[PDB]
Structures are given as C-alpha cells and as structure tokens.
>>> print(open('run.tsv').read())   # TSV, C-alpha atoms
chain	number	residue	atom	x	y	z
A	1	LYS	CA	-8.88	-50.28	33.80
A	2	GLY	CA	-6.11	-48.11	32.38
A	3	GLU	CA	-6.37	-50.00	29.09
A	4	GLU	CA	-9.65	-48.18	28.36
A	5	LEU	CA	-7.71	-44.89	28.19
A	6	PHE	CA	-6.08	-46.13	24.95
A	7	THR	CA	-9.21	-47.22	23.05
A	8	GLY	CA	-8.86	-44.35	20.58
A	9	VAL	CA	-6.44	-41.64	19.46
A	10	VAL	CA	-4.66	-40.09	22.45
A	11	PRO	CA	-2.70	-36.81	22.33
A	12	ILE	CA	0.94	-37.03	23.40
A	13	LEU	CA	3.23	-34.42	24.96
A	14	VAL	CA	6.94	-35.21	25.32
A	15	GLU	CA	9.36	-32.96	27.22
A	16	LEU	CA	13.05	-33.82	27.56
A	17	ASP	CA	15.69	-31.86	29.47
A	18	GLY	CA	19.14	-33.15	28.58
A	19	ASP	CA	22.74	-32.61	29.65
A	20	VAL	CA	25.48	-34.44	27.71
A	21	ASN	CA	29.11	-33.65	28.60
A	22	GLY	CA	27.96	-30.31	29.96
A	23	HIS	CA	26.00	-29.50	26.78
A	24	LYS	CA	22.49	-28.68	27.98
A	25	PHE	CA	19.56	-29.00	25.59
A	26	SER	CA	15.78	-29.28	25.64
A	27	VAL	CA	13.47	-31.22	23.32
A	28	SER	CA	9.69	-30.86	23.13
A	29	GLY	CA	7.44	-33.30	21.29
A	30	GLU	CA	3.81	-33.35	20.25
A	31	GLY	CA	1.70	-35.89	18.42
A	32	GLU	CA	-0.76	-38.71	18.95
A	33	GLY	CA	-0.80	-42.43	19.61
A	34	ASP	CA	-3.28	-45.14	18.68
A	35	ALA	CA	-2.67	-48.25	20.78
A	36	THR	CA	-5.17	-50.22	18.68
A	37	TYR	CA	-2.58	-50.08	15.88
A	38	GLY	CA	0.50	-49.49	18.04
A	39	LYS	CA	0.97	-46.34	15.95
A	40	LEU	CA	2.95	-43.31	17.13
A	41	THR	CA	3.19	-40.06	15.16
A	42	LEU	CA	5.33	-37.46	16.91
A	43	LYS	CA	7.17	-34.28	15.94
A	44	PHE	CA	10.08	-33.38	18.20
A	45	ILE	CA	11.81	-30.00	18.07
A	46	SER	CA	14.89	-28.65	19.80
A	47	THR	CA	14.08	-25.54	21.84
A	48	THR	CA	17.79	-24.79	22.45
A	49	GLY	CA	19.25	-24.79	18.93
A	50	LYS	CA	21.36	-27.46	17.29
A	51	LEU	CA	21.30	-30.65	19.34
A	52	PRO	CA	24.68	-31.71	20.77
A	53	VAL	CA	23.73	-35.36	20.15
A	54	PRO	CA	22.20	-37.13	17.13
A	55	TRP	CA	18.42	-37.49	17.08
A	56	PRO	CA	18.49	-41.33	16.72
A	57	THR	CA	20.22	-41.59	20.11
A	58	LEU	CA	17.19	-39.96	21.77
A	59	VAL	CA	14.50	-42.10	20.11
A	60	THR	CA	14.18	-44.74	22.84
A	61	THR	CA	14.18	-41.99	25.47
A	62	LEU	CA	11.63	-39.74	23.74
A	63	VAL	CA	5.75	-44.14	25.53
A	64	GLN	CA	5.54	-47.93	25.34
A	65	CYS	CA	1.98	-47.79	26.71
A	66	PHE	CA	0.89	-47.30	23.08
A	67	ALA	CA	2.27	-50.72	22.10
A	68	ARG	CA	-0.27	-52.93	20.33
A	69	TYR	CA	-0.89	-55.81	22.72
A	70	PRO	CA	-2.82	-58.74	21.21
A	71	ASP	CA	-6.13	-59.55	22.87
A	72	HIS	CA	-4.81	-62.65	24.64
A	73	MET	CA	-1.88	-60.63	26.05
A	74	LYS	CA	-3.78	-57.64	27.46
A	75	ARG	CA	-3.55	-59.44	30.83
A	76	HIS	CA	0.18	-58.57	30.76
A	77	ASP	CA	0.10	-54.92	29.63
A	78	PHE	CA	1.81	-53.28	32.60
A	79	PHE	CA	2.25	-49.96	30.79
A	80	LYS	CA	-1.47	-49.40	30.21
A	81	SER	CA	-2.54	-50.85	33.58
A	82	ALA	CA	-0.41	-48.27	35.42
A	83	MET	CA	-2.47	-45.49	33.81
A	84	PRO	CA	-3.68	-42.85	34.45
A	85	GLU	CA	-1.30	-42.61	37.44
A	86	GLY	CA	1.47	-43.81	35.15
A	87	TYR	CA	4.94	-45.16	35.72
A	88	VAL	CA	8.54	-44.05	36.09
A	89	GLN	CA	10.74	-45.22	33.20
A	90	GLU	CA	14.44	-45.24	34.07
A	91	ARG	CA	17.23	-46.19	31.68
A	92	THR	CA	20.98	-46.35	31.44
A	93	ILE	CA	22.16	-46.40	27.82
A	94	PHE	CA	25.79	-47.42	27.32
A	95	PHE	CA	27.18	-46.35	23.95
A	96	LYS	CA	29.97	-48.79	23.15
A	97	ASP	CA	33.44	-47.20	23.34
A	98	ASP	CA	31.78	-43.91	24.29
A	99	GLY	CA	29.66	-42.26	26.97
A	100	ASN	CA	26.35	-43.28	28.49
A	101	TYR	CA	22.90	-41.79	28.95
A	102	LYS	CA	21.05	-41.98	32.25
A	103	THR	CA	17.38	-41.08	31.88
A	104	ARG	CA	14.45	-40.91	34.29
A	105	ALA	CA	11.02	-40.23	32.81
A	106	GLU	CA	7.51	-40.00	34.22
A	107	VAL	CA	4.87	-41.27	31.78
A	108	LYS	CA	1.32	-40.44	32.88
A	109	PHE	CA	-1.96	-38.88	31.80
A	110	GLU	CA	-2.38	-35.12	32.31
A	111	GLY	CA	-6.01	-34.63	31.36
A	112	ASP	CA	-6.62	-36.34	28.03
A	113	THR	CA	-2.94	-36.03	27.03
A	114	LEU	CA	-0.32	-38.67	27.81
A	115	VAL	CA	2.82	-36.84	28.96
A	116	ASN	CA	6.39	-38.18	28.83
A	117	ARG	CA	8.49	-35.82	30.97
A	118	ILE	CA	12.15	-36.82	30.81
A	119	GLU	CA	15.47	-35.86	32.39
A	120	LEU	CA	18.60	-37.05	30.58
A	121	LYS	CA	22.22	-36.96	31.78
A	122	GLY	CA	25.12	-37.99	29.57
A	123	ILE	CA	28.74	-38.37	30.71
A	124	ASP	CA	32.09	-39.68	29.46
A	125	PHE	CA	31.38	-38.95	25.79
A	126	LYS	CA	34.24	-38.40	23.36
A	127	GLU	CA	34.21	-35.05	21.56
A	128	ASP	CA	35.31	-36.82	18.36
A	129	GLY	CA	33.02	-39.80	18.97
A	130	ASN	CA	29.98	-40.84	16.98
A	131	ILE	CA	27.57	-39.09	19.37
A	132	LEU	CA	29.20	-35.71	19.99
A	133	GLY	CA	30.69	-35.77	16.48
A	134	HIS	CA	27.31	-36.35	14.79
A	135	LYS	CA	28.60	-39.35	12.83
A	136	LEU	CA	25.37	-41.38	13.01
A	137	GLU	CA	22.95	-41.77	10.12
A	138	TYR	CA	19.61	-40.01	10.53
A	139	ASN	CA	17.34	-43.05	10.42
A	140	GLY	CA	15.45	-45.39	12.69
A	141	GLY	CA	14.96	-49.11	12.21
A	142	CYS	CA	13.19	-52.25	13.35
A	143	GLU	CA	14.13	-54.04	16.58
A	144	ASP	CA	11.95	-57.14	17.04
A	145	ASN	CA	13.98	-58.66	19.92
A	146	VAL	CA	13.25	-56.67	23.09
A	147	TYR	CA	12.61	-58.95	26.07
A	148	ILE	CA	10.35	-57.48	28.76
A	149	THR	CA	10.61	-59.25	32.12
A	150	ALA	CA	8.77	-58.77	35.40
A	151	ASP	CA	10.51	-57.01	38.30
A	152	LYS	CA	8.36	-58.09	41.24
A	153	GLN	CA	10.83	-56.49	43.67
A	154	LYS	CA	9.90	-53.01	42.40
A	155	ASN	CA	6.40	-54.17	41.36
A	156	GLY	CA	7.16	-53.26	37.74
A	157	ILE	CA	9.17	-54.17	34.66
A	158	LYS	CA	12.84	-54.52	33.75
A	159	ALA	CA	14.45	-54.96	30.34
A	160	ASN	CA	17.81	-54.76	28.62
A	161	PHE	CA	18.32	-54.54	24.86
A	162	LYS	CA	20.78	-53.27	22.27
A	163	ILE	CA	20.06	-50.49	19.77
A	164	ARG	CA	22.18	-50.37	16.61
A	165	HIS	CA	22.80	-46.89	15.21
A	166	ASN	CA	24.28	-46.89	11.71
A	167	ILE	CA	27.46	-44.83	11.45
A	168	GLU	CA	27.84	-42.62	8.38
A	169	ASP	CA	30.09	-44.26	5.76
A	170	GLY	CA	29.68	-47.66	7.39
A	171	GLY	CA	29.66	-49.16	10.87
A	172	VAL	CA	27.26	-49.54	13.77
A	173	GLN	CA	27.30	-47.62	17.06
A	174	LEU	CA	25.86	-49.87	19.76
A	175	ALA	CA	23.62	-48.50	22.52
A	176	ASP	CA	23.13	-51.06	25.30
A	177	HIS	CA	19.89	-50.16	27.08
A	178	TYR	CA	19.06	-51.12	30.66
A	179	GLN	CA	15.46	-50.24	31.48
A	180	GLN	CA	13.25	-50.51	34.55
A	181	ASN	CA	9.67	-49.29	34.98
A	182	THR	CA	7.86	-48.79	38.29
A	183	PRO	CA	4.28	-47.55	38.81
A	184	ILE	CA	3.67	-44.07	40.16
A	185	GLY	CA	0.32	-44.91	41.74
A	186	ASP	CA	-0.45	-47.29	44.59
A	187	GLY	CA	-3.21	-49.07	42.67
A	188	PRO	CA	-2.84	-52.62	41.37
A	189	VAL	CA	-0.85	-53.05	38.17
A	190	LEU	CA	-0.60	-56.04	35.83
A	191	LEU	CA	2.77	-57.64	36.48
A	192	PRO	CA	3.40	-59.28	33.09
A	193	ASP	CA	4.75	-62.61	32.03
A	194	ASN	CA	7.94	-62.33	30.01
A	195	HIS	CA	7.28	-61.26	26.42
A	196	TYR	CA	8.71	-59.29	23.51
A	197	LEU	CA	8.14	-55.88	21.93
A	198	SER	CA	8.69	-55.25	18.22
A	199	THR	CA	9.35	-51.66	17.17
A	200	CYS	CA	9.82	-50.06	13.75
A	201	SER	CA	10.68	-46.35	13.65
A	202	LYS	CA	10.84	-43.99	10.68
A	203	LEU	CA	12.71	-40.69	11.00
A	204	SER	CA	12.08	-37.81	8.60
A	205	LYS	CA	12.09	-34.01	8.39
A	206	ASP	CA	9.42	-31.33	8.18
A	207	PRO	CA	10.38	-29.18	5.15
A	208	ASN	CA	8.80	-26.09	6.75
A	209	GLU	CA	10.40	-26.55	10.19
A	210	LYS	CA	13.40	-24.26	10.71
A	211	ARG	CA	14.44	-25.55	14.14
A	212	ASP	CA	16.45	-28.71	14.67
A	213	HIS	CA	13.71	-31.31	14.72
A	214	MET	CA	12.70	-34.92	14.14
A	215	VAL	CA	9.51	-36.12	12.46
A	216	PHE	CA	8.87	-39.50	14.05
A	217	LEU	CA	6.63	-42.39	13.01
A	218	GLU	CA	6.76	-45.57	15.09
A	219	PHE	CA	4.85	-48.86	15.15
A	220	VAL	CA	5.30	-50.94	18.31
A	221	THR	CA	3.56	-54.22	19.12
A	222	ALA	CA	3.82	-57.04	21.66
A	223	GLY	CA	5.75	-63.65	22.90
A	224	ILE	CA	7.77	-66.37	21.17
A	225	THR	CA	6.34	-66.27	17.63
A	226	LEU	CA	8.55	-69.15	16.43
A	227	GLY	CA	6.95	-72.02	14.56
A	228	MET	CA	4.11	-70.15	12.86
A	229	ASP	CA	4.68	-72.42	9.84
A	230	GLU	CA	3.57	-75.42	11.94
A	231	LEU	CA	-0.10	-74.54	11.41
A	232	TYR	CA	0.37	-74.86	7.63
A	233	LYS	CA	2.12	-78.27	7.55
>>> encode(input="run.tsv", output="structure tokens")
Amino acid sequence: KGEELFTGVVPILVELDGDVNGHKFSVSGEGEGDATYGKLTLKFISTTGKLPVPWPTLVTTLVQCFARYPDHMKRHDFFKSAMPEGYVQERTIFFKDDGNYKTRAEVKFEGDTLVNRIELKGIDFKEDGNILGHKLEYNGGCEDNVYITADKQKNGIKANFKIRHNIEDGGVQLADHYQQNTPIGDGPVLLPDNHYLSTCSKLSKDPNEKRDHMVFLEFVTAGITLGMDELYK
C-alpha cells in the first residue's frame, strides 16, 4: 500500500504561505525523511525576509507520515495509507492570551517527493505579544503525549494537543493545537485505533545561510507504554 512509499529515504518539499495580522510571509523547505527511523531533516528558509513570527511557532505546521510506526501498529498508520493521494491536514492553533493560527495543508506525493503545501492565517495577535514580539526561545523540544483519535465521520483522524514554547527570560507560551486529517483520494485508508505520537525536534542555524531560516531535525514515532517494568519483575 502507501506504506511501501516510505521504505527508504524520501525527498521532502515544504511550501508555506502565511498571513499573520496582515503580515504576509512565505517559507520554503527542503530535506528528506526516513520513516524507518522516524527521522526528518529539513532546512526551511524565509523567501520574504525576516519572519513576522518566531520559527518555533511554525514547526508543527511545517509531515507525520514519516512517523516511525512499530510493526504491530502499521495496521493503524493512516498517514502512510492515504499515500500517494495524500491527506488534508487542518489545524487551529490557539496561542494562550494571544492570537491563533488556522492552517490547511495538503500532504501528498508529487513524483518521488512528498510535498507539504500549506496556507496559514493568523489573527488577533498582540503586537507586543510573544509571537509578534519575537519573545520565544529558538528551540524545539520533546512532546511524547499527542493522542491521535479516529474521526470516522470524515474518514480520517482528529487530535488536540498543547505545544509549550519557552519564553525568553523565563515562561512558557502555550499553543493549543486542534488537528484533523482527511484523505484526498477515494481509496481505502487505515482508520486507526487511538494511539500516541512522540516527537523530538532540534532547531539550529546554517552558518552560511544569509536568509532567515531554520535548520530542523525531528524524530517522530508512534500506544500506552506504561508498565514496561512489569516484564522485568
């Protein structure tokens, strides 16, 4: 099925068109993903100058089909099973005491390259807030508690989760995510049982890149792993 499209290294193209409080911007990303290891290596650049929003706020928006699903859970990998036709990934991201992002992305194969084409709209942001004021630390993090549930009404997936962006000089800016995914193609997709995704992201800089950019390394993998110590008495 679509899982066989992720047996090896797959090129990735990411295109984001954003508009936050009237500030329009465009981000392009290139890299590769190895679903066998859940590994993502991507370099995003701003094609419109200095970003009006911090890079960490765009991480979740800027390809969960590269998540490492264990062998016994491949029967519930909706993201890969929707390929190559792909899926629509929609999100609303509420930044606590600030504005919100509304994103709609189409994730699909275009040849041998997996493309994530995104439209982002942000409203109600404070000019002196943590987002428009660039008060967030430039770093990623690990979020091991992301519950993916089946949305049989839309024949896809829904999920809600909180992202915690560290504020410079202390504090945490919360980003409440509400996500739904629906297949683009008519073909059968694997409606999953409820499970979890664990993601660790590392944000860095290319020393030879002059444009506003983000060097991005991410490991993402897919159930209740409690009680592992039971096997060892």
>>> atom_distance(input="run.tsv", atom1="CA of residue 194 in chain A", atom2="CA of residue 8 in chain A")
26.4 Å
>>> atom_distance(input="run.tsv", atom1="CA of residue 134 in chain A", atom2="CA of residue 53 in chain A")
6.5 Å
>>> closest_atom_pairs(input="run.tsv", of="range 56-133 of chain A", to="range 196-207 of chain A", cutoff="12 Å", atoms="all atoms listed in the file", output="JSON lines")
{"residue": "A:56", "atom": "CA", "partner": "A:203", "partner_atom": "CA", "distance": 8.2}
{"residue": "A:57", "atom": "CA", "partner": "A:203", "partner_atom": "CA", "distance": 11.8}
{"residue": "A:58", "atom": "CA", "partner": "A:203", "partner_atom": "CA", "distance": 11.7}
{"residue": "A:59", "atom": "CA", "partner": "A:201", "partner_atom": "CA", "distance": 8.6}
{"residue": "A:60", "atom": "CA", "partner": "A:201", "partner_atom": "CA", "distance": 10.0}
{"residue": "A:63", "atom": "CA", "partner": "A:199", "partner_atom": "CA", "distance": 11.8}
{"residue": "A:64", "atom": "CA", "partner": "A:197", "partner_atom": "CA", "distance": 9.0}
{"residue": "A:65", "atom": "CA", "partner": "A:197", "partner_atom": "CA", "distance": 11.2}
{"residue": "A:66", "atom": "CA", "partner": "A:199", "partner_atom": "CA", "distance": 11.2}
{"residue": "A:67", "atom": "CA", "partner": "A:197", "partner_atom": "CA", "distance": 7.8}
{"residue": "A:68", "atom": "CA", "partner": "A:197", "partner_atom": "CA", "distance": 9.1}
{"residue": "A:69", "atom": "CA", "partner": "A:197", "partner_atom": "CA", "distance": 9.1}
{"residue": "A:70", "atom": "CA", "partner": "A:197", "partner_atom": "CA", "distance": 11.3}
{"residue": "A:73", "atom": "CA", "partner": "A:196", "partner_atom": "CA", "distance": 11.0}
{"residue": "A:76", "atom": "CA", "partner": "A:196", "partner_atom": "CA", "distance": 11.2}
{"residue": "A:77", "atom": "CA", "partner": "A:197", "partner_atom": "CA", "distance": 11.2}
>>> closest_atom_pairs(input="run.tsv", of="range 18-94 of chain A", to="range 122-129 of chain A", cutoff="7 Å", atoms="all atoms listed in the file", output="tab-separated table")
residue	atom	partner	partner_atom	distance
A:19	CA	A:122	CA	5.9
A:20	CA	A:122	CA	4.0
A:21	CA	A:123	CA	5.2
>>> residues_around(input="run.tsv", residues="residue 87 in chain A", least_positions_apart="6", cutoff="7 Å", atoms="only C-alpha atoms", output="count of residues only")
7
>>> closest_residue(input="run.tsv", among="A:99, A:2, A:49, A:187", to="residue 174 in chain A", atoms="only C-alpha atoms")
A:99
>>> residues_around(input="run.tsv", residues="residue 135 in chain A", least_positions_apart="2", cutoff="7 Å", atoms="all atoms listed in the file", output="JSON, numbers by chain")
{"A": [130, 131, 133, 137, 167, 168]}
>>> decode(input="run.tsv", residues="range 216-233 of chain A", atoms="N, CA and C atoms", output="PDB file, in the first residue's frame")
ATOM      1  N   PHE A 216      16.297  22.066  10.751  1.00  0.00           N
ATOM      2  CA  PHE A 216      15.295  21.330  11.509  1.00  0.00           C
ATOM      3  C   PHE A 216      15.586  19.839  11.467  1.00  0.00           C
ATOM      4  N   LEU A 217      15.808  19.252  12.639  1.00  0.00           N
ATOM      5  CA  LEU A 217      15.938  17.812  12.807  1.00  0.00           C
ATOM      6  C   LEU A 217      14.833  17.336  13.738  1.00  0.00           C
ATOM      7  N   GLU A 218      14.085  16.323  13.307  1.00  0.00           N
ATOM      8  CA  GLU A 218      12.965  15.820  14.088  1.00  0.00           C
ATOM      9  C   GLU A 218      12.931  14.301  14.045  1.00  0.00           C
ATOM     10  N   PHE A 219      12.664  13.697  15.200  1.00  0.00           N
ATOM     11  CA  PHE A 219      12.392  12.271  15.309  1.00  0.00           C
ATOM     12  C   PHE A 219      10.986  12.098  15.860  1.00  0.00           C
ATOM     13  N   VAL A 220      10.143  11.384  15.120  1.00  0.00           N
ATOM     14  CA  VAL A 220       8.749  11.177  15.489  1.00  0.00           C
ATOM     15  C   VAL A 220       8.438   9.689  15.385  1.00  0.00           C
ATOM     16  N   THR A 221       7.766   9.151  16.401  1.00  0.00           N
ATOM     17  CA  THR A 221       7.467   7.728  16.447  1.00  0.00           C
ATOM     18  C   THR A 221       6.120   7.512  17.122  1.00  0.00           C
ATOM     19  N   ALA A 222       5.477   6.400  16.776  1.00  0.00           N
ATOM     20  CA  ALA A 222       4.174   6.049  17.333  1.00  0.00           C
ATOM     21  C   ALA A 222       4.317   5.065  18.488  1.00  0.00           C
ATOM     22  N   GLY A 223       0.863   4.154  21.412  1.00  0.00           N
ATOM     23  CA  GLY A 223       0.159   3.327  22.375  1.00  0.00           C
ATOM     24  C   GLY A 223       0.592   3.564  23.810  1.00  0.00           C
ATOM     25  N   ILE A 224      -0.218   3.089  24.756  1.00  0.00           N
ATOM     26  CA  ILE A 224       0.075   3.244  26.177  1.00  0.00           C
ATOM     27  C   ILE A 224       1.283   2.387  26.533  1.00  0.00           C
ATOM     28  N   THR A 225       2.440   3.026  26.701  1.00  0.00           N
ATOM     29  CA  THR A 225       3.681   2.334  27.020  1.00  0.00           C
ATOM     30  C   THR A 225       3.910   2.191  28.520  1.00  0.00           C
ATOM     31  N   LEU A 226       2.882   2.412  29.335  1.00  0.00           N
ATOM     32  CA  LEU A 226       3.021   2.278  30.777  1.00  0.00           C
ATOM     33  C   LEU A 226       3.260   0.824  31.166  1.00  0.00           C
ATOM     34  N   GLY A 227       3.981   0.635  32.267  1.00  0.00           N
ATOM     35  CA  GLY A 227       4.194  -0.695  32.796  1.00  0.00           C
ATOM     36  C   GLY A 227       5.231  -1.523  32.079  1.00  0.00           C
ATOM     37  N   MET A 228       6.188  -0.891  31.396  1.00  0.00           N
ATOM     38  CA  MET A 228       7.264  -1.653  30.771  1.00  0.00           C
ATOM     39  C   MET A 228       8.083  -2.408  31.809  1.00  0.00           C
ATOM     40  N   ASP A 229       8.173  -1.875  33.030  1.00  0.00           N
ATOM     41  CA  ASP A 229       8.940  -2.525  34.084  1.00  0.00           C
ATOM     42  C   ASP A 229       8.309  -3.831  34.556  1.00  0.00           C
ATOM     43  N   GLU A 230       7.066  -4.119  34.158  1.00  0.00           N
ATOM     44  CA  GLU A 230       6.418  -5.359  34.576  1.00  0.00           C
ATOM     45  C   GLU A 230       7.144  -6.584  34.036  1.00  0.00           C
ATOM     46  N   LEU A 231       7.695  -6.494  32.823  1.00  0.00           N
ATOM     47  CA  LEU A 231       8.392  -7.630  32.229  1.00  0.00           C
ATOM     48  C   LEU A 231       9.646  -8.016  33.000  1.00  0.00           C
ATOM     49  N   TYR A 232      10.181  -7.113  33.821  1.00  0.00           N
ATOM     50  CA  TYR A 232      11.453  -7.320  34.499  1.00  0.00           C
ATOM     51  C   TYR A 232      11.284  -7.536  35.998  1.00  0.00           C
ATOM     52  N   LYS A 233      10.061  -7.821  36.445  1.00  0.00           N
ATOM     53  CA  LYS A 233       9.760  -8.106  37.848  1.00  0.00           C
ATOM     54  C   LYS A 233      10.179  -6.958  38.762  1.00  0.00           C
TER      55      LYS A 233
END
